[PDB]
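Descriptive structure summary
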Amino acid sequence: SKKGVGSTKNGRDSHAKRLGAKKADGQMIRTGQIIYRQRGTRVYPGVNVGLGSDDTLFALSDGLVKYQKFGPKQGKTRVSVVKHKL
Amino acid sequence: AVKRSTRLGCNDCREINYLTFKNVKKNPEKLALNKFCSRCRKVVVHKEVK
Amino acid sequence: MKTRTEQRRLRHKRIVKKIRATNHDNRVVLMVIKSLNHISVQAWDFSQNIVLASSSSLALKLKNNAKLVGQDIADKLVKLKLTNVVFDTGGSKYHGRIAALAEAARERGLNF
Amino acid sequence: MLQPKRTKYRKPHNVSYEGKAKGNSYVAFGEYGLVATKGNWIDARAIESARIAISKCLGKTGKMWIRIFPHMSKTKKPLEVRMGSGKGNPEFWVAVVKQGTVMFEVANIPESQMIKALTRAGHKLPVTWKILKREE
Amino acid sequence: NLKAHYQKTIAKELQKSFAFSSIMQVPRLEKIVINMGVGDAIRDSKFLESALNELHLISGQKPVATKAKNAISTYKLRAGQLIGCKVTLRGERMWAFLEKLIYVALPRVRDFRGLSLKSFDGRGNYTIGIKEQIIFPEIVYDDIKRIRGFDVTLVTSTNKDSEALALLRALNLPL
Amino acid sequence: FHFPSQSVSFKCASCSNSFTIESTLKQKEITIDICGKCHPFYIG
RNA sequence: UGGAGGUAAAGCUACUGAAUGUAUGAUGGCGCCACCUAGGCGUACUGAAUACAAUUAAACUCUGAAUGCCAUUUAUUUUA
RNA sequence: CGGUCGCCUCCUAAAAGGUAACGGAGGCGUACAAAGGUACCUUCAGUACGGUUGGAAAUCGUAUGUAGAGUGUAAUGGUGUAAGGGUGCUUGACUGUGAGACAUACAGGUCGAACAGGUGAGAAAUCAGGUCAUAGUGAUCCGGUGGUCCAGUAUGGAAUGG
RNA sequence: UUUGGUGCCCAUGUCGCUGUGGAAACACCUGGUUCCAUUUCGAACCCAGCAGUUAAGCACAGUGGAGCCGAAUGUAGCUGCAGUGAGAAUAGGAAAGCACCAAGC
RNA sequence: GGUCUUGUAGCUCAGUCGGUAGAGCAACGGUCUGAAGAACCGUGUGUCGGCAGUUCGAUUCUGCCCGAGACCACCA
Ligand SMILES: [Mg+2]
Ligand SMILES: [Mg+2]
Ligand SMILES: [Mg+2]
Ligand SMILES: [Mg+2]
Ligand SMILES: [Mg+2]
Ligand SMILES: [Mg+2]
Ligand SMILES: [Mg+2]
Ligand SMILES: [Zn+2]
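The present account deals with the structure reproduced in this document. We count residues from 1 along each chain, following the written sequence rather than the entry's numbering, and we skip any residue without coordinates. Working convention: letters from A go to chains and numbers from 1 go to ligands, in the order in which they are written. These chains belong to a larger assembly; all numbers given describe just the chains displayed. Values reported for side chains reflect all heavy atoms of the structure, with hydrogen atoms and water molecules removed beforehand. Residues with missing side-chain atoms are left out of burial classes, side-chain pairs and their counts.

A short note on the overall build of chain E
Rules: Starting at the N terminus, helices and strands are each numbered in turn, a helix being any DSSP run of H or I of at least four residues and a strand any DSSP run of E of at least two. Residue contacts are defined here by distance: any two heavy atoms, one from each residue, within 4.5 Å place the two residues in contact.
When helices and strands are tallied, chain E shows four helices and seven strands. Taken from the N to the C terminus, the helices and strands of chain E come in the order α-β-α-β-β-β-β-α-β-β-α. Counting only C-alpha atoms and orienting by the principal axes, one finds that chain E spans roughly 55 × 35 × 30 Å. Across chain E, every contact between residues at least 6 apart in sequence was considered, and the portion connecting residues at least 24 apart equals 68%.

Concerning the pairing of strand β1 (residues 29-35) of chain E
Residue and element names in this part refer to chain E. This is how it is decided: We treat two strands as partners when DSSP finds at least two bridges between them.
Of the pairings in the sheet, the one linking β1 to strand β7 (residues 150-156) comprises four bridges and is antiparallel in character. Counterpart to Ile-34 in the pairing with β7 is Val-152. The sheet contact formed by β1 and strand β5 (residues 83-89) spans four bridges and is antiparallel. Residue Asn-35 lies in a different strand from β5, and its bridge partner there is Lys-86.

Observations concerning the packing of aromatic side chains
For the record, the criterion: Note on aromatic contacts: the rings of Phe and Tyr and the six-membered ring of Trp form a pair at centre separations within 6.5 Å, being stacked when their planes are under 30 degrees apart, edge-to-face when over 60 apart, and tilted otherwise. Either the NZ atom of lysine or the CZ atom of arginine qualifies as a charge over a ring when it sits within 6 Å of the ring centre and within 35 degrees of the ring normal.
Plain terms: the ring middles of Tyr-44 of chain A and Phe-70 of chain A are 5.6 Å apart, the flat faces sit at 70 degrees to each other, and that makes the pair edge-to-face. Of the two residues, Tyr-44 of chain A is situated in strand β3 (residues 44-45) and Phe-70 of chain A in strand β6 (residues 64-70); the sequence distance between them amounts to 26 residues. Measuring from centroid to centroid gives 5.4 Å for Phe-87 of chain C and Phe-112 of chain C, while their planes differ by 20 degrees, and the two rings are stacked. Remark: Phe-112 of chain C occurs in the segment after α3 (97-107) and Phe-87 of chain C occurs in strand β4 (residues 86-88); sequence separation between them is 25 residues. An aromatic cluster is present here, built from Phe-87, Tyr-94 and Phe-112 of chain C joined pairwise through their rings. Just above the ring of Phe-46 of chain C sits the side chain of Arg-20 of chain C; from NZ or CZ to the centre is 4.2 Å. Its guanidinium or amino end placed over the ring of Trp-41 of chain D, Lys-74 of chain D lies 3.7 Å from that ring's centre, counting from NZ or CZ.

Some remarks on the arrangement of the chains
Contacts are most numerous between chains E and F, considering all two pairs of chains that are in contact. The two partners chain D and chain E share no contact, and the minimum distance between any of their C-alpha atoms is 28 Å. One finds no contact between chain C and chain F; the C-alpha atoms of the two approach each other to within 25 Å at their closest.

Considering the interface of chain E and chain F
Spelled out, the test is: When residue character is reported, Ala, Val, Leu, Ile, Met, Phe, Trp, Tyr, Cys and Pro are called nonpolar, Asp, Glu, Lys and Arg charged, and the others, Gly included, polar.
Each partner contributes residues to the interface: chain E has eleven residues there, and chain F has 13 residues. Elements with a contribution of two residues or more to the side of chain E that touches chain F: α2 (49-57) and α3 (91-105) of chain E. A per-class count over the side of chain E that touches chain F returns five nonpolar, two polar and four charged.

As for the side chain of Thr-156 of chain E
Residues and elements named next belong to chain E. For clarity, the threshold we go by: Under the rule applied, a polar contact is a pair of N or O atoms within 3.5 Å (in protein, one hydrogen donor and one hydrogen acceptor; residues adjacent in sequence only if both atoms are side-chain atoms).
Summarising the element assignment, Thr-156 is placed in strand β7. There is a polar contact of 2.8 Å between the side chain of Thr-156 and the backbone oxygen of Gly-124. In terms of polar contacts, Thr-156 uses its side chain to reach the backbone carbonyl oxygen of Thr-158, at 3.0 Å. Once residues lying within four places of it in the same chain are set aside, the contact partners of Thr-156 are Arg-28, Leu-29, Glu-30, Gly-124 and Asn-125.

As for the sheet that holds strand β3 (residues 32-37) of chain B
Residue and element names in this part refer to chain B. Here is the rule we go by: Axes here mean lines fitted to C-alpha atoms, for a helix over just the part in contact, with angles spanning 0 to 180 degrees between N-to-C directions.
A sheet is described by the order of its strands in space; here four strands give the open sequence β2-β1-β4-β3, paired in antiparallel fashion. Whereas interior strands pair on both sides, the edge strands pair on one side only; in this sheet they are β2 (18-21) and β3. Averaged over neighbouring strand pairs, the angle between their axes works out to 45 degrees when direction is ignored. Looking at chain direction, β3 and strand β4 (residues 42-49) are connected through six bridges and run antiparallel. Within β4, the position partnered with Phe-36 by the bridge is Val-43.

Focus on the packing of helix α1 (residues 44-58) of chain D against helix α2 (residues 111-122) of chain D
All names here are of chain D. Note the cut-off: Orientation is classified from the angle alone, with under 35 degrees giving roughly parallel, over 145 giving roughly antiparallel, 65 to 115 giving roughly perpendicular, and any other angle giving oblique. By convention the crossing between two helices is left-handed if the near helix lies anticlockwise of the far one by an angle smaller than a right angle, and right-handed if it lies clockwise.
Two elements in contact, α1 and α2, have axes separated by 8 Å at closest approach and are oriented at 150 degrees. Viewed along their axes, α1 and α2 adopt a mutual orientation that is roughly antiparallel. Once α1 is placed against α2, the crossing between them reads as right-handed. Contacts from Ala-50, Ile-54 and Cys-57 of α1 reach α2 at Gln-113, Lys-116, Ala-117, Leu-118, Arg-120 and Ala-121. In terms of residue class, the contact of α1 with α2 is built from six nonpolar, one polar and two charged.

Remarks on the pairing of strand β3 (residues 50-56) of chain C
Residues and elements named next belong to chain C. Two elements, strand β2 (residues 39-45) and β3, share six bridges in a ladder whose sense is antiparallel. Paired with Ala-43 across the strands is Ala-53, a residue of β3. The hairpin turn running from β2 into β3, its antiparallel successor, is four residues long, and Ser-47 in that turn takes a positive phi close to 70 degrees.

Section: the sheet that holds strand β6 (residues 125-130) of chain E
All names here are of chain E. The strand order across the open sheet formed by five strands is β2-β5-β1-β7-β6, and the pairing between neighbours is antiparallel. The two strands at the open ends of the sheet, each matched to only one other strand, are β2 (64-66) and β6. Strand-to-strand twist in this sheet, taken as the mean axis angle between neighbours without regard to direction, amounts to 25 degrees. Pairing between β6 and β7: six bridges, direction antiparallel. Bridging from a neighbouring strand, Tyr-126 pairs with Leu-154 of β7. On top of the sheet, α3 reaches β1 and β5; it is set at about 65 degrees to β1, its chief contact.

Notes on the pattern of salt bridges
Here is the rule we go by: Here, a salt bridge means any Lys or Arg side-chain nitrogen found within 4 Å of an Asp or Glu carboxyl oxygen.
In this structure, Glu-15 of chain B engages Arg-39 of chain B in a salt bridge whose closest nitrogen and oxygen atoms are separated by 2.5 Å. Remark: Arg-39 of chain B occurs in the loop between β3 and β4 and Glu-15 of chain B occurs in the loop between β1 (5-10) and β2; sequence separation between them is 24 residues. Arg-148 of chain E serves as the salt-bridge partner of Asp-40 of chain E, at 3.5 Å between the closest nitrogen and oxygen. Taken together, the positions of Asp-40 of chain E in the loop between β1 and α2 and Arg-148 of chain E in the loop between β6 and β7 put the pair 108 residues apart, joining distant regions of the chain. Salt bridges sharing common partners tie together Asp-40, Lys-46 and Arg-148 of chain E.

Let's talk about the environment of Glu-48 of chain B
Residue and element names in this part refer to chain B. Relative to the elements of secondary structure, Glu-48 occurs in strand β4. Remark: the alpha-carbon pair of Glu-48 and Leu-33, spanning 15 residues in sequence, is separated by 8.9 Å. Excluding its chain neighbours within four sequence positions, the residues that come into contact with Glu-48 are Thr-6, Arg-7, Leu-8, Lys-22, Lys-30 and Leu-31. Only 2.7 Å separates the side chain of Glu-48 from the side chain of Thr-6, close enough to count as a polar contact.

Dropping the structure here:
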């Protein structure tokens, strides 16, 4: 004997934007390529790297990429591009 | 939807170059801006155009 | 709340953060510092964390109005063939003694 | 009946109970406690039954301490219904018990009285209990 | 002016009174602030204009109108609707106002028997509750629609209250 | 840039003294009834 | 070899909720007087906040792996 | 039958990304001539004490207070010298572009160095191609309007199109 | 080496408590007449001056009171039953450190 | 068993998406009257079903619970 059901009311969700880490350490990158995609500055910009309107990190010059910690209790993070020894 | 948009127009060449947004209900004063007008090739005072 | 000098230190921290964040080039900064007695200046070069040249009212001068600290440091910088700097108001305001110093520096070939 | 007064969410997920007794591992207040030897979900009704049993067989001489508490809720789809179409309503609270947690403990009364009271209480709980004395 | 007598006698006599051996370890009075708290202007009692007028007349220091730092649902005050009034005065105006008050206004009060029993905050500061505006000579019979008082403060250059008592007593303040 | 207050003088009615530092000088050399050194707290 | 990460776990005076015992207990329930309007005594009890000891959590985190992932070097192999 | 049909936030999602259910929880179809750009100046909420109106809680003053405050807005992340608060000037809430990347079946979506023109703030450095970030959206087809260094069925026009 | 200034770091860099000193400097400090400034005001900013100052800031010594840091051992999780290695607690550490410039040394 | 609707003064019914509770009679007082009705004058009462949120003060805007009311439910 079937009965009455319904009113789930909770069947919605949004598309998952692929924020994360697009470039790990030791990678060759050319200016314009984006290192880190995030929402809010979970990773601060170091030297020779830029911060877009969407808070997308992107390099300003060609070289290796380095991550590094800082902050009150070693919790904050900078990502920076180190030049070649040219 | 709500038709909150509006168009800006030059007062020398009378083109409708720009488009912007404006809430008529709160500020009814017609916009008086001065942006770069391509045809005039300088900065020209723009007024709202219906 | 502060001691009339802690605010100056905080302001200088603000401004040095600004230059260290905005200076794409390696232009040597020109940090002027203001004391109630007199004034002194050093040329700090970043990306190296050293001082290239410095000057002060302690070059046998009295209290300050004595813009010679502009000309002498300009001489040192032009000898080091830099002659293009970003100015820094320390924690003070660009006015009075600081303005006179900056004009003296600019008039003798500095690029700012 | 032990029960949280109010909560944030009404339909939480089930909480596993197969571990080695994170927290509540050792006796802390009395000289004799009850320790489980097989983790299982024990609801508030069994808790109240054990509590009233210990209270009735204790007397006006000592104290009894309860350690666990039914924080987690639990759902039960009503009778005679196909599955799907949402999640069932909450019916009964339940205290998660991992194997090796002191949960009941009494004091200030003869030793054989702790033994008999804890054995009386242990037969109401599904878990296989075990008597434990407080360390020195 | 009061400063005349102040660094004529009071500074050095307090210096010798307490074991300081430092001329300016003596307390110095830093500032007085003025407040009246015009709450009857929920939206319009008088637009506060008249009260601003007497607070301007009492001292050339231009009164400043304060903004509501929060919002209260009990009243018709919600994040703004500027209320109150503050006047901070220092320098020679400070001493002028101090003598004018202590030698004209409080003796003109209904019964100025005494004060200063416990009104210290506990960190070398004191506040006087003024009952009415008409108490002061720098005001006419005509005034705001209602008769409001003032809230003044006396902040010292120190925190322990012993020399606060010493300084206030030494300038002939009623206790 | 404000009301031009000046060194307005006072006139004590009982203490036979005067005060003149700065005040609203529209009525310079004004009279005061309750003298400064007349209140019971001040004197008495 | 370097790095990102916040899961397993663990902890809750490290925050948000829930919550155990003890100590001081704001508050209130009760009775109580005297007060017609301010308060006092204990408060079978409800119990703020603090302290000590013990807890719980997919949508709690002061913390926190291994595996996995990304990149790179060496060595080997295949023309994918 | 009932409920749902697109987009955004978290959890399920097993520490890169991705991952379904008529799974658990919420919002959106915006707002702002300033809540933008810029120079300068400034930094919490609560609590304690003091102070007439005025009270538990208005304003004010002094300490304490690592954030429990704020950020137009649901959720998350971030943010105590900021991205929070105020002041002066202002429209870069520009034109023409765009190497290079992100995600991708396609259509579409996002970030963006750098160049030229001409501006605004600032002494200058520098900054400004909307807002702390993520939702605030609709393909063609058809027709309507403005401009038009285009065509005009033999030619000059015009209708009509691009 | 001392002092002053600044930069990089980020509490083992804090918040306190008791003392010591200012030669040069550093600060208070003296006034608003000038540039400039206050939703108001020489408070702050900015001027031009050093009469006094060890008071405070500042620096140097001691202080483990709070906060921060935290071994080794064992244990929880893993990952093919050995390695793997936490968290919590604990001994304990801890009164910042690194550099350049300027005067006296 | 589900999806909606409603709960307001003593009663029966109204209340700009936010700053707001309104009628008639019921109850009280006086007048008329031998007294009672009827009638005339004044009156009086209101915290919006109970618990939770957004809120610039939520009866008003949303959620849960309680109560009742409605068109409907074993294959068809
Ligand atoms: Mg776990
Ligand atoms: Mg904004
Ligand atoms: Mg902005
Ligand atoms: Mg926005
Ligand atoms: Mg033809
Ligand atoms: Mg033709
Ligand atoms: Mg055409
Ligand atoms: Zn034009």
